[PDB]
2 protein chains.
Amino acid sequence: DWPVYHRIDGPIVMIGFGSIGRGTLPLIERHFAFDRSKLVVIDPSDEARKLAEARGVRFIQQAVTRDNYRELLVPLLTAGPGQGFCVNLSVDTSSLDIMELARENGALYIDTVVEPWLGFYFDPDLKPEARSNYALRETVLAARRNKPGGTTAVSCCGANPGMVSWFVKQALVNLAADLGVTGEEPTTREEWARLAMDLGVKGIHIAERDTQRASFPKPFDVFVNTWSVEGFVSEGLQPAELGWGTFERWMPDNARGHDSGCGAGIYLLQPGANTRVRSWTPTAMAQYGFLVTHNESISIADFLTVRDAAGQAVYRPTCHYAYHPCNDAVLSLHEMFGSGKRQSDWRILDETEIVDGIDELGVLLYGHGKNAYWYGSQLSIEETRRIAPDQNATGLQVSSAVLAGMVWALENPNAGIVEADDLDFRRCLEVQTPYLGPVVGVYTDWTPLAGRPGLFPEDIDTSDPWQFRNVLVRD
Amino acid sequence: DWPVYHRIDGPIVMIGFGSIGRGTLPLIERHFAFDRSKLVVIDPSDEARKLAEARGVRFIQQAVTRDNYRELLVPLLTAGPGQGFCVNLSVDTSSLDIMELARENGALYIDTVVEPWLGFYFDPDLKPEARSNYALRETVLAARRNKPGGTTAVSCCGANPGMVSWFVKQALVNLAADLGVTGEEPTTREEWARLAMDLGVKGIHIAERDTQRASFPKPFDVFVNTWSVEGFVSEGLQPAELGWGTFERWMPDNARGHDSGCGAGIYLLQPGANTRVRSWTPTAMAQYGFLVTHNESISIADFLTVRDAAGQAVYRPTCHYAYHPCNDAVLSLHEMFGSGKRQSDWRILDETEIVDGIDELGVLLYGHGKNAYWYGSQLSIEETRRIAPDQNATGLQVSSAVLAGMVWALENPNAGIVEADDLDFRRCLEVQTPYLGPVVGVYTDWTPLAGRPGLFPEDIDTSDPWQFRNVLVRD
Ligand SMILES: NC(=O)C1=CN([C@@H]2O[C@H](COP(=O)(O)OP(=O)(O)OC[C@H]3O[C@@H](n4cnc5c(N)ncnc54)[C@H](O)[C@@H]3O)[C@@H](O)[C@H]2O)C=CC1
Ligand SMILES: NC(=O)c1ccc[n+]([C@@H]2O[C@H](COP(=O)([O-])OP(=O)(O)OC[C@H]3O[C@@H](n4cnc5c(N)ncnc54)[C@H](O)[C@@H]3O)[C@@H](O)[C@H]2O)c1
Ligand SMILES: NCCCCNCCCCN
């Protein structure tokens with residue numbers, strides 16, 4: 001039957017029971033051993049309560065707030081007998097504060113985003129940099145520096161951020177192998193970074209194309225997506241952000257750097273979900289992606305940084321999201337930005353509504369000798385329905401990643417605060433791959449300068465096709 | 001009991017039998033007296049032939065080219081017994097040359113676009129300026145100066161260009177009534193221009209929202225539209241163009257003017273269908289439109305120009321398209337520009353495939369004492385099917401405009417080369433209105449500054465809400 005990877009010897013506290021929580025619960029029940037009364041879900045939504053009740057799980061209908069999270073979570077996470085697991089799959093809660101709470105009390109932790117307490121994302125009195133994922137991530141890195149070691153807490157371990165970090169490692173190994181480069185795999189951050197440098201990887205797109213669609217057309221004045229609408233709009237309205245490669249010779253006028261932190265990123269003074277980049281996936285071939293800020297855009301570029309003895313970065317790949325969401329979400333963005341306000345209503349397409357499609361999600365490594373290499377999942381809604389309940393393909397890539405992170409955390413429970421880039425990528429993918437559908441590596445000769453210049457003057461660098469100058473849409 | 005307006009006692013030569021030809025023929029049959037054998041349809045496609053044969057109409061399966069159009073069309077236009085009518089609804093043919101040919105042979109002429117011979121729109125040797133609708137229109141104006149008066153030829157008399165010119169006049173009349181401006185209704189171009197100036201009309205959007213959708217979702221790698229795909233893509237890849245108002249205080253860096261001609265327009269060095277503008281319609285409320293070049297953008301601005309004794313323009317409204325096509329077309333544009341090439345295939349949604357929706361098409365007059373006024377048609381597909389065969393709502397707005405133009409031409413056959421702006425707008429709308437569904441005027445307090453600036457610094461002009469600086473979306 002299904003593998004049972006581990007016994008959880010304590011409370012399992014799932015915060016949030018939206019599209020991801022709903023998809024993750026069945027995997028937790030499937031793959032871990034524990035008494036049913038150990039698991040409890042926390043979510044303020046009536047919709048969520050009704051679904052939870054239907055699934056026969058304990059449910060606390062409460063919003064976790066700055067004011068109550070200590071009083072609520074400390075007792076639940078320390079119920080016993082042994083180590084509990086905080087599975088944080090929420091919006092509007094502080095990943096940092098909850099993470100630190102769990103660690104203080106010896107509870108394992110995992111989430112899929114560095115979320116802030118409600119009132120951050122759309123605070124007009126915060127400058128764009130202060131609303132950046134770069135900034136949010138730095139609070140986690142600072143927490144790690146302040147308290148090294150201790151109980152394992154896994155930050156940003158969903159599909160992307162999360163799984164894609166493992167894909168990058170696998171892709172690097174595949175590229176090397178395809179070039180006839182043999183020998184031991186890297187085992188340290190420094191060795192991974194040097195592998196990327198040595199193979200001449202100039203940059204990386206998180207290259208995604210979601211082709212899922214419903215039996216009904218997009219309703220007017222309704223934002224439609226295959227996962228969190230609130231979450232997508234939140235990051236969509238954050239500044240465009242990207243890990244910034246050492247090979248880049250140009251940046252936009254409204255690009256800005258950071259005075260502090262790991263040094264791996266820049267941001268643009270414009271919303272990422274209204275910023276387009278030229279990208280590519282196997283099924284989409286050439287496409288527009290949206291340059292939506294994402295944790296991995298920074299974490300991957302940071303991870304793969306090579307520094308000299310003075311500590312100056314000598315190599316680093318460009319890294320960023322190039323997101324083509326489902327067609328109804330594309331229309332939803334057009335509608336939202338076109339009106340200058342969020343729609344009156346929203347909905348997440350679920351399994352019962354989606355007629356066909358895949359969530360093609362992978363990493364596009366470019367600039368090396370074989371030009372460009374896409375590695376990732378082509379999971380279809382059809383396969384999803386066969387192998388996991390209560391979610392679509394988008395949800396399953398995420399929930400299975402949380403599963404992998406949980407297994408890893410349980411197996412490595414004294415590793416301290418860790419990112420997806422810190423995990424054993426082979427073990428994680430071993431656990432996750434049964435839920436990822438086709439996992440393939442594809443080379444292409446496409447570049448951002450394909451068919452260019454066109455009928456109008458363009459600001460392009462023909463000496464280096466993958467320069468951000470050629471990727472960013474400026475029309 | 002449909003009205004039969006006039007007898008056409010000469011040959012009726014329809015060039016092109018696509019979506020508009022198919023919608024227009026039955027209106028010609030319905031509203032004109034003539035012997036059915038004197039109608040001839042010319043179109044190179046097999047699809048066209050089979051539709052024409054099904055209607056028992058004489059058909060010539062030939063592409064009209066610069067090499068054959070004289071020897072092909074002259075005998076058809078002059079067949080007698082009386083004055084013929086060339087109804088040009090084609091692509092890839094020269095409106096100018098065919099128009100001049102008709103005029104030379106005493107035949108009436110009408111079309112819906114200043115189309116060039118095949119090889120013009122995507123000619124890499126042409127400068128962007130030469131590819132502009134401004135330039136193409138100047139060839140018609142030059143033809144009129146060279147041969148003033150004579151047989152009537154109606155240039156660009158579809159829905160837009162065409163009908164919307166009449167909408168502008170009606171809107172100006174309504175606005176004057178609502179604003180308490182007293183006087184005789186204008187009866188010359190000078191008086192119309194003066195009225196617009198006196199009412200304080202800063203600019204005009206051709207503000208359109210097409211909500212038609214089919215029983216099937218958009219297919220991958222197929223461009224979908226509700227009218228000509230070839231036609232729409234052609235103008236979509238022409239430079240963005242607009243009639244340029246005297247009130248404008250700013251233009252983008254890649255804006256350019258013209259050294260000669262009527263002087264009413266500028267163009268941008270970027271494709272119009274990948275240029276977004278902030279606009280508004282009654283059903284859409286605030287929306288993105290695409291700044292696709294259109295003849296009326298220049299012709300309306302030119303028509304409403306006030307000049308001093310020296311010949312300098314002292315008033316002129318901004319005028320341009322703000323097009324939100326059907327959702328499948330929005331997706332098609334995203335797909336096309338995203339891949340950097342036209343889709344492998346295309347289809348026009350017809351009356352058998354469309355489930356619901358309207359083509360909300362009107363003119364948005366702004367800058368005056370009541371901020372903004374939208375006047376136009378909200379024709380639905382349901383209403384369309386009730387009153388006209390073989391076309392969707394988009395097609396009927398066009399075909400009925402051609403009908404009106406044809407009635408006008410027959411009633412004024414010695415008026416020379418004329419634009420929609422030169423026609424008796426009341427007579428034309430009298431003929432067209434039965435086919436336009438609700439025709440309404442709607443005020444709004446919305447402006448392009450509404451809700452701005454947001455979370456990011458924006459390059460706006462807070463002093464004058466309707467400045468192009470605020471309307472244009474700047475990637
Ligand atoms: N890294 C990745 O690949 C992905 C990450 N995510 C993230 O995971 C989180 C969940 O995503 P979805 O389940 O799709 O979102 P969703 O919008 O479907 O559900 C979010 C849930 O959080 C609940 N919630 C709101 N305020 C709360 C509070 N104060 N305390 C507890 N719960 C609260 C809501 O009631 C809702 O049920 C989001 O933060 C999202 O950004 C989502 C998908 C992919
Ligand atoms: N002003 C307006 O409101 C308006 C709106 C819609 C379309 N139009 C214009 O009307 C024209 C027709 O639109 P449509 O939707 O019917 O287009 P369509 O693409 O459906 O049909 C065009 C037809 O032209 C024919 N054709 C191609 N080359 C030809 C040639 N050399 N000689 C004769 N025929 C040829 C094709 O076979 C096709 O049947 C286009 O130029 C379009 O831009 C104007
Ligand atoms: N803040 C959440 C962002 C991470 C992406 N989340 C959802 C997955 C959608 C794309 N697979």
# chains A, B, ... in the order shown; residues from 1 in each chain; ligands from 1
>>> residues_near_ligand(ligand="ligand 1", cutoff="7 Å", atoms="only C-alpha atoms and all ligand atoms", output="JSON list (two decimals) with C-alpha atoms, in the first residue's frame")
[["chain", "number", "residue", "atom", "x", "y", "z"],
["A", 15, "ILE", "CA", -2.91, 26.14, 10.79],
["A", 16, "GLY", "CA", -5.09, 26.90, 7.81],
["A", 17, "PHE", "CA", -7.47, 24.64, 5.94],
["A", 18, "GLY", "CA", -7.71, 26.28, 2.54],
["A", 19, "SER", "CA", -6.80, 24.68, -0.78],
["A", 20, "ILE", "CA", -3.39, 23.50, 0.50],
["A", 21, "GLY", "CA", -4.50, 22.40, 3.97],
["A", 42, "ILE", "CA", -7.19, 25.77, 13.04],
["A", 43, "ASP", "CA", -9.00, 28.06, 10.57],
["A", 44, "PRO", "CA", -11.51, 30.95, 11.04],
["A", 45, "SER", "CA", -13.55, 30.04, 7.95],
["A", 48, "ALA", "CA", -13.28, 25.25, 6.23],
["A", 62, "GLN", "CA", -10.30, 30.74, 15.25],
["A", 63, "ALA", "CA", -8.08, 33.31, 13.56],
["A", 64, "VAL", "CA", -4.50, 33.12, 14.81],
["A", 65, "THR", "CA", -3.50, 36.68, 15.67],
["A", 89, "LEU", "CA", -0.58, 26.50, 5.66],
["A", 90, "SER", "CA", -2.29, 29.81, 6.36],
["A", 91, "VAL", "CA", -2.56, 33.42, 5.29],
["A", 92, "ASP", "CA", -2.48, 36.55, 7.48],
["A", 93, "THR", "CA", -0.26, 34.94, 10.13],
["A", 112, "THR", "CA", 5.23, 27.33, 2.41],
["A", 113, "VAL", "CA", 5.69, 31.09, 2.59],
["A", 115, "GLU", "CA", 3.80, 35.31, 5.67],
["A", 156, "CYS", "CA", 9.02, 27.87, 2.47],
["A", 157, "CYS", "CA", 8.65, 24.20, 1.57],
["A", 158, "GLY", "CA", 5.79, 24.08, -0.93],
["A", 159, "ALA", "CA", 5.96, 23.57, -4.70],
["A", 160, "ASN", "CA", 7.60, 26.93, -5.34],
["A", 161, "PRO", "CA", 9.23, 27.97, -3.05],
["A", 162, "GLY", "CA", 10.21, 24.47, -1.95],
["A", 227, "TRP", "CA", -4.73, 28.16, -5.39],
["A", 228, "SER", "CA", -5.02, 30.98, -2.84],
["A", 229, "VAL", "CA", -6.51, 34.08, -4.43],
["A", 230, "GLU", "CA", -5.66, 36.16, -1.37],
["A", 231, "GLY", "CA", -2.12, 34.76, -1.39],
["A", 232, "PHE", "CA", -1.60, 35.26, -5.12],
["A", 395, "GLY", "CA", -2.49, 21.81, -4.82],
["A", 398, "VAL", "CA", 2.40, 21.82, -2.91]]
>>> residues_around(residues="residue 239 in chain A", least_positions_apart="3", cutoff="7 Å", atoms="only C-alpha atoms", output="PyMOL selection string")
chain A and resi 128+132+267-272+293
>>> interface_residues(of="chain B", to="chain A", cutoff="7 Å", atoms="only C-alpha atoms", output="PyMOL selection string")
chain B and resi 124+269-270+278+286-288+335+338-340+451+455-456+475
>>> residues_around(residues="residue 281 in chain B", least_positions_apart="4", cutoff="12 Å", atoms="only C-alpha atoms", output="count of residues only")
39
>>> atom_distance(atom1="CA of residue 34 in chain A", atom2="CA of residue 99 in chain A")
22.4 Å
>>> atom_distance(atom1="CA of residue 407 in chain B", atom2="atom 7 (C, counted along the ligand's line) of ligand 2")
19.4 Å
>>> closest_residue(among="A:30, A:249, A:137, A:294", to="ligand 3", atoms="only C-alpha atoms and all ligand atoms")
A:294
>>> select_by_dssp(residues="range 31-84 of chain A", states="helix (DSSP H, G or I)", output="list in words")
residues 31, 36, 37, 38, 46, 47, 48, 49, 50, 51, 52, 53, 54, 69, 70, 71, 72, 73, 74, 75, 76 and 77 of chain A
>>> write_last_selection(atoms="N, CA and C atoms", output="JSON list (two decimals), in the first residue's frame")
[["chain", "number", "residue", "atom", "x", "y", "z"],
["A", 31, "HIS", "N", 0.38, 8.95, 5.22],
["A", 31, "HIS", "CA", 1.81, 8.63, 5.27],
["A", 31, "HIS", "C", 2.45, 8.67, 6.65],
["A", 36, "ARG", "N", -5.78, 9.50, 15.90],
["A", 36, "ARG", "CA", -6.54, 10.53, 15.21],
["A", 36, "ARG", "C", -6.74, 11.78, 16.05],
["A", 37, "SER", "N", -6.88, 11.62, 17.36],
["A", 37, "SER", "CA", -7.15, 12.74, 18.25],
["A", 37, "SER", "C", -5.94, 13.66, 18.41],
["A", 38, "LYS", "N", -4.79, 13.26, 17.87],
["A", 38, "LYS", "CA", -3.58, 14.08, 17.93],
["A", 38, "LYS", "C", -3.60, 15.26, 16.97],
["A", 46, "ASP", "N", -15.90, 29.40, 8.02],
["A", 46, "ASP", "CA", -17.02, 28.47, 8.12],
["A", 46, "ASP", "C", -16.97, 27.40, 7.04],
["A", 47, "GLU", "N", -16.58, 27.80, 5.83],
["A", 47, "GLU", "CA", -16.39, 26.85, 4.74],
["A", 47, "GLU", "C", -15.41, 25.76, 5.17],
["A", 48, "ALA", "N", -14.31, 26.18, 5.79],
["A", 48, "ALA", "CA", -13.28, 25.25, 6.23],
["A", 48, "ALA", "C", -13.79, 24.32, 7.33],
["A", 49, "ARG", "N", -14.52, 24.88, 8.29],
["A", 49, "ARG", "CA", -15.10, 24.08, 9.37],
["A", 49, "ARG", "C", -15.98, 22.95, 8.83],
["A", 50, "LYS", "N", -16.86, 23.29, 7.90],
["A", 50, "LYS", "CA", -17.79, 22.31, 7.35],
["A", 50, "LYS", "C", -17.04, 21.17, 6.66],
["A", 51, "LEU", "N", -16.01, 21.51, 5.89],
["A", 51, "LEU", "CA", -15.21, 20.49, 5.22],
["A", 51, "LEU", "C", -14.46, 19.63, 6.24],
["A", 52, "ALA", "N", -13.89, 20.28, 7.26],
["A", 52, "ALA", "CA", -13.17, 19.55, 8.29],
["A", 52, "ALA", "C", -14.09, 18.58, 9.02],
["A", 53, "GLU", "N", -15.28, 19.06, 9.38],
["A", 53, "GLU", "CA", -16.27, 18.21, 10.04],
["A", 53, "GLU", "C", -16.60, 17.01, 9.16],
["A", 54, "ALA", "N", -16.72, 17.24, 7.85],
["A", 54, "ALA", "CA", -17.01, 16.16, 6.92],
["A", 54, "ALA", "C", -15.90, 15.12, 6.92],
["A", 69, "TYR", "N", -1.75, 34.19, 19.56],
["A", 69, "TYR", "CA", -1.07, 33.01, 19.03],
["A", 69, "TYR", "C", -0.29, 32.26, 20.10],
["A", 70, "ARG", "N", 0.23, 32.98, 21.09],
["A", 70, "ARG", "CA", 0.95, 32.32, 22.18],
["A", 70, "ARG", "C", 0.00, 31.52, 23.06],
["A", 71, "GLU", "N", -1.14, 32.12, 23.38],
["A", 71, "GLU", "CA", -2.10, 31.50, 24.28],
["A", 71, "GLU", "C", -2.75, 30.28, 23.63],
["A", 72, "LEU", "N", -2.87, 30.32, 22.31],
["A", 72, "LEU", "CA", -3.48, 29.22, 21.57],
["A", 72, "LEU", "C", -2.50, 28.11, 21.25],
["A", 73, "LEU", "N", -1.36, 28.47, 20.66],
["A", 73, "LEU", "CA", -0.50, 27.47, 20.05],
["A", 73, "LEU", "C", 0.45, 26.78, 21.02],
["A", 74, "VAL", "N", 0.89, 27.47, 22.06],
["A", 74, "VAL", "CA", 1.83, 26.85, 22.99],
["A", 74, "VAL", "C", 1.18, 25.61, 23.62],
["A", 75, "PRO", "N", -0.04, 25.74, 24.17],
["A", 75, "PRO", "CA", -0.63, 24.51, 24.73],
["A", 75, "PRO", "C", -0.86, 23.42, 23.69],
["A", 76, "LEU", "N", -1.41, 23.77, 22.53],
["A", 76, "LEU", "CA", -1.70, 22.76, 21.51],
["A", 76, "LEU", "C", -0.43, 22.05, 21.04],
["A", 77, "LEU", "N", 0.65, 22.80, 20.87],
["A", 77, "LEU", "CA", 1.89, 22.22, 20.36],
["A", 77, "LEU", "C", 2.66, 21.43, 21.41]]
>>> residues_around(residues="residue 152 in chain B", least_positions_apart="4", cutoff="6 Å", atoms="only C-alpha atoms", output="number ranges by chain")
B: 108, 413-417
>>> write_last_selection(atoms="C-alpha atoms", output="PDB file, in the first residue's frame")
ATOM      1  CA  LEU B 108     -20.418  53.988 -55.779  1.00  0.00           C
ATOM      2  CA  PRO B 413     -24.279  59.848 -54.916  1.00  0.00           C
ATOM      3  CA  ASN B 414     -22.354  62.947 -56.055  1.00  0.00           C
ATOM      4  CA  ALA B 415     -20.602  63.850 -52.806  1.00  0.00           C
ATOM      5  CA  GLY B 416     -17.090  62.675 -53.679  1.00  0.00           C
ATOM      6  CA  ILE B 417     -14.736  60.895 -51.294  1.00  0.00           C
TER       7      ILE B 417
END
>>> closest_residue(among="B:60, B:181, B:418, B:423", to="ligand 2", atoms="only C-alpha atoms and all ligand atoms")
B:60
>>> residues_around(residues="residue 313 in chain A", least_positions_apart="5", cutoff="12 Å", atoms="only C-alpha atoms", output="list in words")
residues 193, 194, 197, 244, 245, 246, 247, 262, 263, 264, 301, 302, 303, 304, 305, 306, 307 and 308 of chain A
>>> residues_around(residues="residue 435 in chain B", least_positions_apart="6", cutoff="10 Å", atoms="only C-alpha atoms", output="ChimeraX atom specification")
/B:377,379,383-384,386-388,393,396-401,429
>>> residues_around(residues="residue 250 in chain A", least_positions_apart="6", cutoff="10 Å", atoms="only C-alpha atoms", output="PyMOL selection string")
chain A and resi 461+467-470
>>> decode(residues="range 135-165 of chain A", atoms="N, CA and C atoms", output="compact mmCIF listing (two decimals), in the first residue's frame")
# COMPACT_ATOMS: atom_id res chain seq x y z
N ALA A 135 13.14 41.15 2.18
CA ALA A 135 13.10 41.64 3.56
C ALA A 135 12.51 40.60 4.51
N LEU A 136 11.41 39.98 4.10
CA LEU A 136 10.77 38.96 4.92
C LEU A 136 11.72 37.79 5.15
N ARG A 137 12.39 37.35 4.09
CA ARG A 137 13.34 36.25 4.21
C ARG A 137 14.49 36.60 5.16
N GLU A 138 14.91 37.86 5.16
CA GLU A 138 16.03 38.25 6.00
C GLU A 138 15.68 38.13 7.49
N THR A 139 14.41 38.28 7.83
CA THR A 139 14.02 38.10 9.23
C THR A 139 14.24 36.64 9.63
N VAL A 140 13.99 35.71 8.70
CA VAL A 140 14.22 34.30 8.98
C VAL A 140 15.72 34.00 9.09
N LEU A 141 16.51 34.59 8.20
CA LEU A 141 17.95 34.37 8.26
C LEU A 141 18.52 34.93 9.55
N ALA A 142 17.99 36.08 9.97
CA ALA A 142 18.42 36.69 11.22
C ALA A 142 18.06 35.81 12.41
N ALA A 143 16.86 35.24 12.39
CA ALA A 143 16.43 34.33 13.45
C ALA A 143 17.37 33.14 13.54
N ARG A 144 17.82 32.65 12.39
CA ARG A 144 18.74 31.53 12.37
C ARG A 144 20.10 31.90 12.95
N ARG A 145 20.57 33.12 12.68
CA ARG A 145 21.85 33.57 13.21
C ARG A 145 21.77 33.77 14.71
N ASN A 146 20.61 34.20 15.19
CA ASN A 146 20.40 34.46 16.61
C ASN A 146 20.30 33.18 17.43
N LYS A 147 19.74 32.13 16.83
CA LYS A 147 19.59 30.84 17.50
C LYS A 147 19.92 29.68 16.56
N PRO A 148 21.21 29.43 16.36
CA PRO A 148 21.61 28.33 15.48
C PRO A 148 21.27 26.98 16.10
N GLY A 149 21.11 25.95 15.28
CA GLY A 149 20.73 24.65 15.77
C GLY A 149 19.36 24.69 16.42
N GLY A 150 19.08 23.71 17.27
CA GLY A 150 17.77 23.59 17.88
C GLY A 150 16.86 22.80 16.97
N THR A 151 15.58 22.74 17.33
CA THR A 151 14.60 21.94 16.62
C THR A 151 14.42 22.40 15.17
N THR A 152 14.18 21.44 14.29
CA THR A 152 14.06 21.74 12.88
C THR A 152 12.80 22.55 12.58
N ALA A 153 12.98 23.62 11.81
CA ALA A 153 11.88 24.41 11.30
C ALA A 153 12.15 24.67 9.83
N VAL A 154 11.23 24.22 8.99
CA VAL A 154 11.43 24.30 7.55
C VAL A 154 10.63 25.46 6.97
N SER A 155 11.35 26.43 6.43
CA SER A 155 10.75 27.63 5.86
C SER A 155 10.54 27.46 4.36
N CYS A 156 9.33 27.78 3.90
CA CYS A 156 9.02 27.87 2.47
C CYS A 156 9.27 26.55 1.73
N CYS A 157 8.55 25.52 2.16
CA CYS A 157 8.65 24.20 1.57
C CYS A 157 7.32 23.77 0.97
N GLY A 158 6.90 24.48 -0.08
CA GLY A 158 5.79 24.08 -0.93
C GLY A 158 6.31 23.64 -2.29
N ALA A 159 5.53 23.90 -3.33
CA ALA A 159 5.96 23.57 -4.70
C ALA A 159 7.00 24.59 -5.16
N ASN A 160 6.70 25.86 -4.95
CA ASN A 160 7.60 26.93 -5.34
C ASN A 160 7.22 28.19 -4.59
N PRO A 161 7.98 28.57 -3.55
CA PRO A 161 9.23 27.97 -3.05
C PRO A 161 9.07 26.56 -2.48
N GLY A 162 10.16 25.80 -2.51
CA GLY A 162 10.21 24.47 -1.95
C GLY A 162 10.77 23.48 -2.96
N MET A 163 9.88 22.72 -3.58
CA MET A 163 10.24 21.66 -4.51
C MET A 163 11.24 22.13 -5.56
N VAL A 164 11.07 23.35 -6.05
CA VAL A 164 11.89 23.80 -7.17
C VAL A 164 13.37 23.90 -6.78
N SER A 165 13.66 24.11 -5.50
CA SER A 165 15.06 24.09 -5.06
C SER A 165 15.65 22.71 -5.29
